[PDB]
Visitor: 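Encoded as structure tokens, here's the structure I'll be asking about.
Just so it is clear: chains get the letters A, B, ... in the order the sequence lines come, proteins before strands, and each one is counted from 1. Counting convention: from 1, in listed order, for ligands and their atoms alike.
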Number of protein chains: 2
Amino acid sequence: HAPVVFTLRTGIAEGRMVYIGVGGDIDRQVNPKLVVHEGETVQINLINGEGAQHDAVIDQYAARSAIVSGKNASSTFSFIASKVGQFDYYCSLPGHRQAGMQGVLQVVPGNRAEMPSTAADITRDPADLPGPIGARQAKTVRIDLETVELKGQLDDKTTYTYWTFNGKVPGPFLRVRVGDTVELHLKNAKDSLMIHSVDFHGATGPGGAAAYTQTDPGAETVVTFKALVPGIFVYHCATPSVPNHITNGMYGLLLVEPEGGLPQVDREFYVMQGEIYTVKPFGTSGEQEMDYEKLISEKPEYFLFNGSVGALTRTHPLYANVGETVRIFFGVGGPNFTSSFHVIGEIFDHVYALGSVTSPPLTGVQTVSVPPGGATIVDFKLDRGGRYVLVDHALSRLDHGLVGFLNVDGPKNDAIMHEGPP
Amino acid sequence: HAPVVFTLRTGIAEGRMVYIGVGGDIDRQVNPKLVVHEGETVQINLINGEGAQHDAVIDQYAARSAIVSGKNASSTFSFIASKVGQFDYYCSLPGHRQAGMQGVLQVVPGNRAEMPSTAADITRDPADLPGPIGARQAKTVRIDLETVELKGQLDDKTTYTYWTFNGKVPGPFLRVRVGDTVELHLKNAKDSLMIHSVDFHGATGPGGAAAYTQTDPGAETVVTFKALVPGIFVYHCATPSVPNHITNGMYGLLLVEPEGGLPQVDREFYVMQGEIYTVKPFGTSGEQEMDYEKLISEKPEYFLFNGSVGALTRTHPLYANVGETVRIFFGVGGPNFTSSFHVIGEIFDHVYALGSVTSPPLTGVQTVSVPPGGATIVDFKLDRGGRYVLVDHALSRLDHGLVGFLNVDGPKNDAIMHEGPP
Ligand SMILES: [Cu+2]
Ligand SMILES: [Cu+2]
Ligand SMILES: [Cu+2]
Ligand SMILES: [Cu+2]
Ligand SMILES: [Cu+2]
Ligand SMILES: [Cu+2]
């Protein structure tokens, strides 16, 4: 139940008053066939193109838009494609159907197949992080990062040129103890066009290590630094344009554990939110390219968890069991937008405000603001089963790829939430 | 039977698919009421605005356009408004009438009243010329011309600033005998903004008298010249821009009679064709203004006989009697367009080719090319009655005001032309 979306603009084409497809598999097609699989949720966005009165109606679903009157006037509607077959969408305004305003919704049996990928999977699995460090003394820790430029699967028929730490977004989850001495090796791949670097928000001194790690392609820099302060820190590339290096995917988290370790918890997850600024709108197939004017004006097309559309729903969702306490390390690479981080169907037992690991966490919190170059820790107990949904509660960002699933097996109805009265 | 014309563009307005009026009393009105008087001929021009399929139909007249499909695709139709009342014009394409494509034709009893004029009547009556000079000796002839700038009635709710000889278009018909000595006085009115002058095509020497008659406002020039050559000559202002002075109305005819006089004829007429180059299209009400880019590019809006729309139909038509031989002195002031001069329902008995009064006229001629700065003489016998129609047979110029009537009382049916077989 991540909705199949179709956008229709009313207008004049092929000598008729028609619906015209916008984006996706239907861009610029007149009265496009909307192909949907049994049991999918369907969202249809109607936008008035030419300025007559219009709706869209599907009789066998008793589903309709509102009547949209002026140019750009819009109405979205949804329904569950529960019945297989072909169903007319049409305009009910006097004569508009006769004039040509009519197409077919095709509901096909069986589950939608995955689109065979074209580019490397650049999505970091949210379970791909080191677990708690044992109790142990401070020591010297060697960390190896490689900066890799590579084409990645941004969406299921859409590619983009990512810049990464170790070929994934976000970069490796780095885990040390306060007092540790970090021996960082940064290798910039031979095939890189750009100089790359790293700034750790958990390091003290020039550029957060950036001033020592400006690494030419095929070259290596080595920096040592002491993890003086416990916290959950975003690290990122700091080679100009830094915003460019960040949007392209060069961000990750460094946990500097406090002496005690963090509270014991059953399961840990690694999630980072960022934006991608493409020439073409969200939903456009093929090789997307970076739009500099959109980047510097903060007008992105993609809002992503862990690098890709479907990252945390289709390719690498979160899995957990009822009764488990879960911790999410959540950071915003950005480069520009503050996340209103929230898990639909859960409440945060603990929220580590501004990523403070030393100050007491806040308790019983629905939603937390995390700035770009900021991170936090949330934990909660999975009291019961369900699909729990990670969102930025600036919820228009759903319509730009920003949604994740935490899948937890258990009955539909228990004492905590169920269908009838009690 | 000079048709009442209405232009409709299809489009989207007031949230409906509609007809939109173009020019006239209906400009930019949606589904405009077309007001017509009993027995008028109605021309409706349909132009496709937005690119759906359209026609216009009027059921009670069995009148319709063709179906027009692409943007700018057009169909004109006509009919006689023989039945008083209200009649729907509508689009017959599936659903288009329901969608809003419908207005009313209103046919009102009685004759259309004349619009009360706003500006001076600047139309030269075609009967306003001196008759044949007696047989007599060459002599000195004094001619007085006054250059007057004044607002004139271009069309029945439309004005324009005319420049004229003696407040009318064309200027006075000048009639001398070969050998005559012309003492020309040019008085430029005190209220003129511009210097004015005159070039006679029938004078020999600098500028055809123009070099002696460049007259400041409130001033007077006097030139003497010998009429050395017989001919029918256009005269015009020759103050720069000459094309500007000409379009504004500063042209007329000089007949230098050959020694014999011209062949005896019952009735004589004075007709001149010119163009006016307005910012706004033909049919636009109010004060029209000159469009310099249209003038130098030869893209006029008005094609006129004797200065005005309706000059030779409504305000000053030609009148004659069956059996009479008629002569028309016809010249093109221009400044730019060659007239294909023709009288519908008549044949030219004699045509004085290139305005040669000395070379034998051509005989039994339907239509004669007259260049700008050119004139001719045509004569014919009115064998029978009717409304005879003066045209430039470049007949799109009908739709820019270029039409005149020669009214001749007599039966509908005689031996020369009648309804049944013989
Ligand atoms: Cu509609
Ligand atoms: Cu970089
Ligand atoms: Cu930073
Ligand atoms: Cu139509
Ligand atoms: Cu002049
Ligand atoms: Cu001339």
Side-chain angles (χ1 to χ4, degrees), chain A residues 12 15-17 52 94-96 98-100 145-150 161-167 169 171 186-189 192-203 206-211 213-217 219 221 231 233-254 272 274 290 331-336 355 371-375, chain B residues 8-12 16-20 31 46-57 64-70 73 75 89-103:
Chain A
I12 309 298
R16 278 180 314 119
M17 199 180 231
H96 284 214
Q98 287 169 282
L145 292 176
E146 195 187 26
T147 61
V148 176
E149 304 173 355
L150 90 167
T161 295
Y162 292 87
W163 305 344
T164 69
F165 300 109
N166 290 72
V169 179
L186 202 152
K187 217 185 202 70
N188 193 4
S192 291
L193 300 174
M194 309 310 183
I195 295 163
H196 294 289
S197 63
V198 59
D199 164 6
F200 305 94
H201 286 193
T213 54
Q214 296 294 311
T215 312
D216 286 347
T221 55
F233 296 105
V234 355
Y235 71 94
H236 57 75
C237 187
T239 46
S241 173
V242 177
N244 188 6
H245 288 260
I246 288 167
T247 183
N248 279 187
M250 304 196 82
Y251 50 89
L253 284 183
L254 173 63
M272 290 202 88
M290 194 262 285
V332 184
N336 291 313
Chain B
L8 302 179
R9 179 171 273 116
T10 67
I12 309 298
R16 278 180 314 119
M17 199 180 231
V18 298
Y19 299 105
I20 310 157
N31 296 331
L46 187 58
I47 312 176
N48 192 313
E50 86 302 313
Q53 294 197 321
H54 304 291
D55 63 19
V57 180
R64 70 197 300 143
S65 84
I67 295 151
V68 101
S69 295
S75 169
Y89 68 97
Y90 69 88
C91 179
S92 69
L93 271 304
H96 284 214
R97 189 179 191 168
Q98 287 169 282
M101 295 200 87
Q102 161 175 314

Visitor: Which atom, counting only N, O or S, brings B:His54 closest to the Cu ion (ligand 4)?
Guide: ND1
Visitor: If you consider just the N/O/S atoms, which atom of A:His196 is the closest one to the Cu ion (ligand 2)?
Guide: ND1
Visitor: Any idea which N/O/S atom from B:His96 gets closest to the Cu ion (ligand 4)?
Guide: ND1
Visitor: Please calculate the SG(A:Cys237)-the Cu ion (ligand 2)-ND1(A:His245) angle and round it to 10 degrees.
Guide: 100°
Visitor: Does B:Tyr19 reach the main-chain N or O of B:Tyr90 with its side chain, forming a donor-acceptor pair under 3.5 Å?
Guide: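 Checked: pair present.
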Visitor: Without swapping roles, check the side chain of A:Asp216 against the backbone of A:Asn188 for a donor-acceptor pair under 3.5 Å.
Guide: no
Visitor: Has the side chain of A:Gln214 got a donor or acceptor atom that lies under 3.5 Å from a matching backbone atom of A:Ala238?
Guide: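 It does hold such a pair.
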Visitor: Do any of the N/O/S atoms of A:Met250, backbone or side chain, fall under 2.8 Å from the Cu ion (ligand 2)?
Guide: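 Coordinating: yes.
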Visitor: What's the SD-the Cu ion (ligand 4)-SG angle here (B:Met101, B:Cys91), rounded to 10 degrees?
Guide: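 Vertex at the Cu ion (ligand 4): approximately 110°.
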Visitor: Within the side chain of A:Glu149, is there an N or O that forms a donor-acceptor pair under 3.5 Å with the backbone of A:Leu193?
Guide: yes
Visitor: Tell me if the aromatic rings of A:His245 and A:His236 count as close, with their centers under 6.0 Å from one another.
Guide: no
